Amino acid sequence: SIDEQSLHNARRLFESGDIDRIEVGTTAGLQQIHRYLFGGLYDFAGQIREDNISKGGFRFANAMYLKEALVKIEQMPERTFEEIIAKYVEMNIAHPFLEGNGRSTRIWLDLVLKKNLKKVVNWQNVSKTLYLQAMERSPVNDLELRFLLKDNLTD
């Protein structure tokens, strides 16, 4: 119910035109997206977490310095695909919500790609298995992720 309802909310975000009101490339913009997707579903919708979380051997940015990290991440440049991917990779490492980081930050990435490069990711053609592998590796080396995503951009 939660994930189907948030998918409907994501659809609403685009169909409504409310997507055009989201700040691009900023922490606030990511919060806007998360609040939109999960509002009325998670009580923490749009809110930066205060608890620590991990997945698959990686511990995401410690909540005690997550806000400081986000301030630095949102200032990263967006001039090229490689810069945009690097910025996305650091926002994923920040992982600022208890849940729904993936969906919200992928929308956030698409807005950055669209603003700067006039392209978005064609997610329907991206393997979820290969995407997860590439994201898991990305804090160490974003090569796999860049190869995967660059092949799946659409203008």
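Heads up: residue numbers just count along the shown sequence, starting at 1.
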Task: Between 40-48 and 88-96 (mean CA B-factor, as deposited), the higher - done: 40-48
Task: Of 145-153 and 4-12, the stretch whose C-alpha atoms average the higher B-factor in the entry - done: 4-12
Task: Options 32, 62, 127, 101 - largest CA temperature factor per the record - done: 127
Task: residue 136, C-alpha B-factor rank within chain (lowest, middle or highest third) - done: lowest
TODO: Going by the recorded CA B-factors, say which third of the chain residue 58 sits in, lowest, middle or highest.
DONE: highest
